[PDB]
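Right, one structure below, let's go through it.
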Amino acid sequence: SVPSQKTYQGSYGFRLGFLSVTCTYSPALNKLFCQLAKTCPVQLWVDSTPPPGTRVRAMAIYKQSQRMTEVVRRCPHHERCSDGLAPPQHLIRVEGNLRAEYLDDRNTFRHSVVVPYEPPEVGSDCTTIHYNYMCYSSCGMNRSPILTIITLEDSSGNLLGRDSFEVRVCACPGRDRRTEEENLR
Ligand SMILES: [Zn+2]
């Protein structure tokens, strides 16, 4: 099957916000450009605070319809390049969170990383999670565009909110964003 990518703010008004160049986001393209394994700050914005026990899941899928049913995973080379937490096959790793869970779906084999939802920190109206992408789009992905889907869920896995963004992991993010944005125009 294919995970839904439909935007859903839900009851809590959930949506994402974003911040040489290691990571840069294009609102026009709803696309994040980042370097391999570097810190990617993704902000969680809500209108009302979800309950304790709420969880935040990140999962990658292929954007192109002809490859949507495929599981996004690291190429063989990058499975060997680690924190000893993220399974080597996982594309998305969370940095700086002691409670990251790395999961593999029983039936779909899709990977995801989950962390507990935390209310915004002082000096901020949002919660920031630091993600790292462990394989280049050109590797595996082999130049195919991927989407990262972030879902806000309750403790039993029920959907509370969903948002998503395209991602390109590349050596020169700033330059590639510029290229794709200029092309858009
Ligand atoms: Zn790779």
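Ordering of the structure tokens sets the chain letters (A, B, ...); residue numbers start at 1 within each chain; ligands are numbered from 1 in the order shown.
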Exercise for review: Within 10 Å of residue 2 of chain A, counting only C-alpha atoms, which residues show up once you throw out same-chain ones fewer than 3 positions away? Write them as a count of residues only, please.
Suggested key: 11
Practice item. Would you return as an MDAnalysis selection string the members of segment 16-182 of chain A that DSSP assigns to strand (DSSP E) on this structure's backbone? Key: chainID A and resid 16:18 23:26 31:34 40:45 55:62 92:95 101:104 111:116 127:133 146:153 159:169
Given only C-alpha atoms, how would the per-residue table for segment 134-156 of chain A near segment 92-104 of chain A read, listing every residue at most 12 Å away with its closest atom pair and distance in Å to one decimal, sorted by chain and number, as JSON lines?
{"residue": "A:134", "atom": "CA", "partner": "A:92", "partner_atom": "CA", "distance": 6.4}
{"residue": "A:135", "atom": "CA", "partner": "A:92", "partner_atom": "CA", "distance": 8.8}
{"residue": "A:136", "atom": "CA", "partner": "A:92", "partner_atom": "CA", "distance": 11.5}
{"residue": "A:146", "atom": "CA", "partner": "A:92", "partner_atom": "CA", "distance": 11.7}
{"residue": "A:147", "atom": "CA", "partner": "A:92", "partner_atom": "CA", "distance": 11.5}
{"residue": "A:148", "atom": "CA", "partner": "A:92", "partner_atom": "CA", "distance": 9.0}
{"residue": "A:149", "atom": "CA", "partner": "A:92", "partner_atom": "CA", "distance": 11.1}
{"residue": "A:150", "atom": "CA", "partner": "A:92", "partner_atom": "CA", "distance": 11.6}
**Study point:** Nearest to residue 36 of chain A by atom-to-atom distance, counting only C-alpha atoms, from A:107, A:142, A:132, A:158
**Key:**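 For residue 36 of chain A, the nearest of the candidates is A:132.
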Check your understanding: Skipping near chain neighbours, those fewer than 4 positions away, what residues fall within 12 Å of residue 133 of chain A using only C-alpha atoms, listed as a ChimeraX atom specification?
Key -> /A:22-23,32-41,58-60,72-74,78,82,86,88-95,113,137,141,146-148,167-170
May I have the selected residues written with N, CA and C atoms, as a tab-separated table (two decimals), in the first residue's frame?
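And here is the file that came out, again-v9.tsv:
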chain	number	residue	atom	x	y	z
A	22	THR	N	23.79	23.85	5.30
A	22	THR	CA	23.60	22.44	5.63
A	22	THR	C	22.14	22.00	5.44
A	23	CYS	N	21.21	22.95	5.60
A	23	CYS	CA	19.78	22.68	5.47
A	23	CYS	C	19.02	23.96	5.09
A	32	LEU	N	12.58	20.53	1.24
A	32	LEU	CA	13.72	20.74	2.11
A	32	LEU	C	14.97	20.19	1.43
A	33	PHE	N	16.03	21.00	1.41
A	33	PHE	CA	17.31	20.61	0.80
A	33	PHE	C	18.32	20.49	1.91
A	34	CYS	N	18.98	19.33	2.03
A	34	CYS	CA	19.93	19.19	3.12
A	34	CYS	C	21.14	18.32	2.79
A	35	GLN	N	22.20	18.52	3.56
A	35	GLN	CA	23.40	17.71	3.39
A	35	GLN	C	23.28	16.39	4.15
A	36	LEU	N	24.07	15.42	3.72
A	36	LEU	CA	24.10	14.09	4.34
A	36	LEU	C	24.42	14.10	5.82
A	37	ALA	N	23.54	13.50	6.61
A	37	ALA	CA	23.67	13.37	8.05
A	37	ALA	C	23.71	14.64	8.88
A	38	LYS	N	23.47	15.80	8.25
A	38	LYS	CA	23.49	17.07	8.98
A	38	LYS	C	22.15	17.37	9.64
A	39	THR	N	22.21	18.21	10.67
A	39	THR	CA	21.04	18.61	11.45
A	39	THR	C	20.01	19.34	10.59
A	40	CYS	N	18.76	18.86	10.62
A	40	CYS	CA	17.64	19.46	9.88
A	40	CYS	C	16.57	19.78	10.93
A	41	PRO	N	16.43	21.07	11.27
A	41	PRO	CA	15.44	21.47	12.26
A	41	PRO	C	14.05	21.53	11.66
A	58	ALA	N	8.04	10.14	11.92
A	58	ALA	CA	8.56	10.63	10.65
A	58	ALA	C	8.81	9.38	9.79
A	59	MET	N	8.36	9.45	8.54
A	59	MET	CA	8.50	8.35	7.57
A	59	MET	C	8.72	8.93	6.18
A	60	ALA	N	9.58	8.29	5.40
A	60	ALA	CA	9.82	8.73	4.02
A	60	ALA	C	9.14	7.81	3.03
A	72	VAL	N	11.32	3.18	1.10
A	72	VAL	CA	12.49	4.04	1.03
A	72	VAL	C	13.49	3.54	2.07
A	73	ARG	N	14.72	3.24	1.66
A	73	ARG	CA	15.73	2.76	2.60
A	73	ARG	C	17.10	3.20	2.11
A	74	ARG	N	18.11	3.05	2.95
A	74	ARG	CA	19.45	3.46	2.56
A	74	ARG	C	20.01	2.53	1.49
A	78	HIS	N	25.59	3.11	2.01
A	78	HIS	CA	25.38	3.89	3.22
A	78	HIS	C	24.89	3.10	4.42
A	82	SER	N	27.11	6.22	12.58
A	82	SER	CA	26.11	5.46	13.33
A	82	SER	C	26.13	5.73	14.84
A	86	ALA	N	19.85	4.03	15.51
A	86	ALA	CA	19.18	3.92	14.23
A	86	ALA	C	19.62	2.66	13.49
A	88	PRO	N	20.79	0.42	10.59
A	88	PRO	CA	21.51	0.85	9.38
A	88	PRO	C	20.69	1.06	8.11
A	89	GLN	N	19.55	0.38	7.98
A	89	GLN	CA	18.69	0.53	6.81
A	89	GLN	C	17.82	1.81	6.84
A	90	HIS	N	17.66	2.40	8.01
A	90	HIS	CA	16.82	3.60	8.14
A	90	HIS	C	17.39	4.90	7.56
A	91	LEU	N	16.62	5.52	6.67
A	91	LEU	CA	17.05	6.78	6.07
A	91	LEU	C	17.02	7.94	7.06
A	92	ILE	N	15.94	8.01	7.84
A	92	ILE	CA	15.74	9.10	8.78
A	92	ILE	C	16.11	8.75	10.20
A	93	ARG	N	16.98	9.57	10.76
A	93	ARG	CA	17.44	9.42	12.12
A	93	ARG	C	17.05	10.68	12.88
A	94	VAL	N	16.83	10.55	14.18
A	94	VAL	CA	16.57	11.72	14.99
A	94	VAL	C	17.84	11.96	15.79
A	95	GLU	N	18.25	13.22	15.87
A	95	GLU	CA	19.43	13.61	16.61
A	95	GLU	C	19.02	14.35	17.89
A	113	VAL	N	10.63	6.67	12.42
A	113	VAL	CA	11.25	6.98	13.70
A	113	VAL	C	10.23	7.84	14.45
A	137	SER	N	19.98	11.65	-2.26
A	137	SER	CA	18.91	11.39	-3.20
A	137	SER	C	19.47	10.67	-4.45
A	141	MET	N	17.60	5.42	-3.29
A	141	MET	CA	16.75	6.44	-3.92
A	141	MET	C	17.08	6.70	-5.38
A	146	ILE	N	11.81	12.06	-2.76
A	146	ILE	CA	11.08	11.47	-1.64
A	146	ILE	C	10.34	12.54	-0.87
A	147	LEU	N	9.32	12.09	-0.16
A	147	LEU	CA	8.52	12.95	0.70
A	147	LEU	C	8.71	12.45	2.13
A	148	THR	N	8.78	13.37	3.07
A	148	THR	CA	8.84	12.97	4.46
A	148	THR	C	7.43	13.31	4.95
A	167	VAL	N	11.90	16.16	0.06
A	167	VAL	CA	13.26	16.33	0.53
A	167	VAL	C	14.28	15.92	-0.51
A	168	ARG	N	15.36	16.68	-0.61
A	168	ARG	CA	16.45	16.31	-1.50
A	168	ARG	C	17.69	16.33	-0.62
A	169	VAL	N	18.38	15.19	-0.52
A	169	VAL	CA	19.59	15.13	0.28
A	169	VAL	C	20.66	15.25	-0.77
A	170	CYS	N	21.50	16.26	-0.62
A	170	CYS	CA	22.49	16.54	-1.63
A	170	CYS	C	23.70	17.26	-1.05
Revision key, fill the gap. Judged by only C-alpha atoms, the minimum distance to residue 125 of chain A among A:27, A:21, A:176, A:45 is found for A:45
